[PDB]
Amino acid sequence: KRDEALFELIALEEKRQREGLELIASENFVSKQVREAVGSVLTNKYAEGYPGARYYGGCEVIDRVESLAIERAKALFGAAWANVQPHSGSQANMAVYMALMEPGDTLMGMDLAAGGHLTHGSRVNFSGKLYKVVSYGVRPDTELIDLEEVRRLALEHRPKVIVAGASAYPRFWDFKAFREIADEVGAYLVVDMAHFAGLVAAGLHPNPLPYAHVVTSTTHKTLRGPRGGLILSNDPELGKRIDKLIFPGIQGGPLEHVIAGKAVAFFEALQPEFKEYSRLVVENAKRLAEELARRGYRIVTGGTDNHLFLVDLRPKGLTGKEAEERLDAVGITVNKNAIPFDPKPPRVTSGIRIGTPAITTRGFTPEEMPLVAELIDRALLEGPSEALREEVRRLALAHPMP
């Protein structure tokens, strides 16, 4: 018997995805073939260990699949070693931290409020629970990272690991500078490129591989792959240690169906078409930010170098919470985000974060950003209305999903 109650919900979710504008920066829409791989029979195989060194018989084909994912990841990112088994970006970071540190050691990462991720040191996360944490943010006068301050903090706190990368930072990273700082204090530099991995793959964002000791990432987000994690490095010896932390360290059986999906995603990203997609993602973000600025909003840092940007809602007297609600009411999904030194508490905020990967995948182009900006502005100024919700629905439907 078919589980009709569950499948009725999946149909509803498909409809929801088709009829709204997804502007959450960490979202995207995977291809039908990525889904085909993830929904494959590869889930039936227990394959603890690594290719050619498994703890179960019958892994001959799974080994070819995982090796393919590994080799493609190395070719795509110009890496010498890769681990494609992390179940998520969080597990990728967890394995790396445990391979480079012991509980009690000091971890340095970007403050959550400044754009850092929970796994970069939050007290409610394993990162802050297992390690002592020192955080860096952005300057009040520039809204950008202050390398001089990062260096000062590193020298004073002597972290064992320094993490570069974030979930809500709209500009490029100076990986060379971070590595120089790490070397000065004898710390490992870990770059978490989860958000901008697709841009790195497309050659549209500085490549952290040569500068970081280890690079972690999600396979979803700008890379547009299945939900999961990834680890890369130019140091195979260090890679061997990290492999041991993924298994038997923190995971058991890998999700080989998802690994097959990662291989497919890497195949897609290796095609010239992915660079064109990525160029449009960045152009769309830059243009949408400009169009919103022209309509009366302020953009944190004045713009963006990547796929996302932060809108300062203060010029129009709105809070991030209010903006998120009004937009949600008309079918546009964004998320509130604190602006630098936000005068409002975290549960309220004075801004919202917008990212273009998802709508770009659905066919939105730069010349359509003025319209998107207008719809966003109308929702925030007039508030929700049936007419606006339906205009958004029609626009979304006119841009079919993969």
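In case it trips you up, residue 1 is the first one in the sequence shown, and so on.
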Self-check item: Average Cα temperature factor in the PDB entry - higher stretch of 187-195, 100-108
Solution: 100-108
Quiz item: Comparing 221-229 with 161-169, which stretch shows the greater average C-alpha B-factor in the deposited entry?
Solution: 161-169
Practice problem: Report the option among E22, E19, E390, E13 whose CA atom has the maximum B-factor in the deposited record. | Solution: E390
Quiz item: Out of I259, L155, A95, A79, which shows the largest CA B-factor listed in the entry?
Solution: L155
Quiz item: Which third of the chain holds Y55 when residues are ordered by C-alpha B factor: lowest, middle or highest?
Solution: highest
Practice problem: Place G317 in the lowest, middle or highest third of its chain's C-alpha B-factors, as listed in the PDB entry. | Solution: highest
Quiz item: Lowest, middle or highest third of the chain for the C-alpha temperature factor of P370?
Solution: middle
Self-check item: Modelled-residue ranking by C-alpha temperature factor, third containing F364
Solution: middle
Quiz item: Can you tell me which third, lowest, middle or highest, the CA B-factor of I145 falls into for its chain?
Solution: highest
